[PDB]
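This chain uses plain numbering: 1 for the first residue, then up along the sequence. Every heavy atom of this structure was used, including side-chain atoms; hydrogens, water molecules and symmetry mates were not.
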Amino acid sequence: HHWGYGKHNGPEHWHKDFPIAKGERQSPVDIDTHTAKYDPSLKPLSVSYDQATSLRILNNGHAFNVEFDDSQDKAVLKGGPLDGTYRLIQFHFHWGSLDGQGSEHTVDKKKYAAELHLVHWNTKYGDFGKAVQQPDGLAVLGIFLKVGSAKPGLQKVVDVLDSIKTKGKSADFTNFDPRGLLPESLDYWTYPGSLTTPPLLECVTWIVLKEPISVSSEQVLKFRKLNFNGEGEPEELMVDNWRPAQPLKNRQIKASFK
Ligand SMILES: NS(=O)(=O)OCCCCCCCCCCOS(N)(=O)=O
Ligand SMILES: [Cl-]
Ligand SMILES: [Zn+2]
């Protein structure tokens, strides 16, 4: 009985094996655009993905991960609410069975068709492992996806999904440039949160971009063709692999824009 997104192992069940699920700084959260406050103290955000090196893509039975070589200081995120340097280790998506849902974070309760998460760990901690043991060990850049025009930079990921249909499958995936997944504006909302999947560790400084990127219906449709199950097992389409908004509690969401 592993955690998942179904009726018996979904988000409402996670708290049992991971009690932190009802903790003080859980993610995602609804972003009330009116209560969020512009924060002058925020330094401009710096996203340097020019030397990013993807290695492979994997279907972990929950979503698919495009992994990067974080052994050197290549793809890094800095500035903004962040202190020091954060290194890109991987990115993945959360999407729905329908365009009307899929994103984890919401803006004034609005749910986007999907959400992109670029995961980075604080280099002051050496590696990813030691970083997820720190309140500021991680920084995740979240980008909303809506259905409309196709996103050219995403097609390479799309055409490769066929090779990793089922849980456990992986395929080499080099030279993928994540800069092709970024919207025009770096305007964002930021707050202290956690991983949205178990172990739901509260080590994350979330940075959610205001401007969503648009992908085509055909692109998101292929995401939906993926499987939760492993090869040779009953087909369970990989859809609605998103955790709903959690209590904001003792927190304030700051805006990088006025
Ligand atoms: N293997 S290790 O010791 O180096 O580290 C274990 C960490 C376990 C947790 C891994 C979590 C990885 C991110 C999952 C998605 O999070 S989200 N959706 O972006 O909030
Ligand atoms: Cl199901
Ligand atoms: Zn995620």
Side-chain angles (χ1 to χ4, degrees), residues 3-6 9-15 17-37 45 60 62-65 77 80-82 86 90-121 132 135-146 181 183 186-213 215 220 223 238-256:
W3 70 270
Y5 296 82
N9 66 352
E12 305 313 305
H13 284 279
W14 301 349
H15 76 97
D17 281 293
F18 308 85
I20 187 71
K22 294 175 168 179
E24 302 303 292
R25 52 179 289 186
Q26 288 290 287
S27 301
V29 301
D30 170 53
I31 289 170
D32 189 75
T33 68
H34 296 298
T35 300
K37 187 182 173 182
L45 185 65
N60 59 38
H62 307 288
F64 65 81
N65 291 158
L77 177 61
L82 309 172
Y86 285 73
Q90 66 98 310
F91 78 72
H92 55 283
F93 300 83
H94 291 279
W95 63 91
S97 55
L98 298 176
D99 300 349
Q101 58 186 52
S103 65
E104 300 205 297
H105 287 88
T106 53
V107 187
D108 290 335
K109 305 264 163 155
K110 169 191 176 65
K111 298 175 178 171
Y112 285 88
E115 192 173 321
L116 165 67
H117 288 166
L118 293 119
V119 192
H120 317 67
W121 48 278
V132 289
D136 63 350
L138 299 184
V140 182
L141 182 58
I143 306 185
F144 292 122
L145 272 68
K146 67 167 184 177
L181 301 179
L186 283 186
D187 280 351
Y188 68 84
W189 290 291
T190 184
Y191 75 98
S194 73
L195 298 172
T196 60
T197 69
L200 306 168
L201 305 175
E202 308 190 310
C203 321
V204 185
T205 290
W206 278 92
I207 302 177
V208 182
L209 303 181
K210 171 176 183 175
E211 179 178 4
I213 57 162
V215 295
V220 68
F223 275 28
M238 187 180 279
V239 294
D240 294 322
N241 57 1
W242 52 277
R243 186 193 191 186
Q246 304 302 302
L248 187 57
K249 301 188 176 194
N250 186 199
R251 299 174 288 181
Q252 282 175 159
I253 299 168
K254 300 300 189 185
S256 72

With a 4.5 Å cut-off on side-chain heavy atoms, are [Y] and [X] touching?
| X | Y | answer |
| --- | --- | --- |
| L77 | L118 | no |
| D30 | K109 | yes |
| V107 | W189 | yes |
| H94 | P28 | no |
| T190 | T205 | yes |
| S194 | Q26 | yes |
| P183 | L209 | yes |
| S27 | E104 | no |

Hey, what do you get for CG (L141) to CH2 (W206), rounding to the nearest 0.5 Å?
9.0 Å
Can you tell me how far CD of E211 sits from CD1 of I143, rounded to the nearest 0.5 angstrom?
10.0 Å
For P81 and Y188 the tightest heavy-atom approach is CD-OH, 3.5 Å
Quickly, which of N60, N65, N241 forms a side-chain contact (heavy atoms from CB on, under 4.5 Å) with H92? Name it, please.
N65
Under 3.5 Å: donor-acceptor pair, side chain of [X], backbone of [Y]:
| X | Y | result |
| --- | --- | --- |
| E202 | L200 | no |
| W121 | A139 | no |
| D187 | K210 | no |

Give a yes or no on whether the ring-centroid distance for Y191 and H105 is below 6.0 angstrom.
yes
Would a line drawn from the ring center of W95 to the ring center of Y112 be shorter than 6.0 Å?
no
Derivation and outcome, side-chain contact (heavy atoms from CB on, under 4.5 Å), residues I20 and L201:
CA-CA 7 Å; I20 187 71; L201 305 175; 5.6 Å; no
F223 vs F64 aromatic rings, parallel, tilted or perpendicular, using cut-offs 30° and 60°?
perpendicular
Answer yes when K249 and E24 have at least one side-chain N-carboxylate O distance shorter than 4.0 Å, and no when they do not.
yes
